[PDB]
Amino acid sequence: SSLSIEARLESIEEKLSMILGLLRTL
Amino acid sequence: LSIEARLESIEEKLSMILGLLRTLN
Amino acid sequence: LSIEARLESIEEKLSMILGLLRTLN
Amino acid sequence: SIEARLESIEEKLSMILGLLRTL
């Protein structure tokens, strides 16, 4: 926390992309 | 690179994950 | 339309994913 | 509450991540 909304959101999005990449291998 | 643009993309990803998960064997 | 509206929707999707992920185990 | 929403979202993500590893 204390990283701002813009930077905090970047990570959420990059974490979701990882999950999608991993899921698409099934 | 906009809060609105970033959020839309996030929403898309979540729905995609849900769609992929519903089909999970 | 509106950050708060999307954020609520995003939160709802995350909860759904959690339930499913817990269900798969 | 926005700053509060993000914290809640961030916490759901952690569980999801952990659960993926449990797969």
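Brief remarks on what is shown
- Long-range neighbours under 8 Å by Cβ, at least six apart or interchain, first residue in a helix (DSSP H, G or I) within segment A:12-23, second of a type in the set (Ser, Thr, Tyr): A:13/B:9
- Count of chain B residues which are over 9 Å from the mean Cα position of the chain (by Cα) and of a type in the set (S, T, N, Q): 3
- Residues in chain B that are more than 7 Å from chain C (Cβ to nearest Cβ), small (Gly, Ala, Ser) and surrounded by 10 or more Cβ atoms within 10 Å (Cβ to Cβ): B:9, B:19.
Each value in this text was obtained by applying a stated rule to the coordinates, not by laboratory testing. All Cβ positions, even for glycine, are placed from backbone atoms using ideal geometry, and neighbour counts span all protein chains on display.
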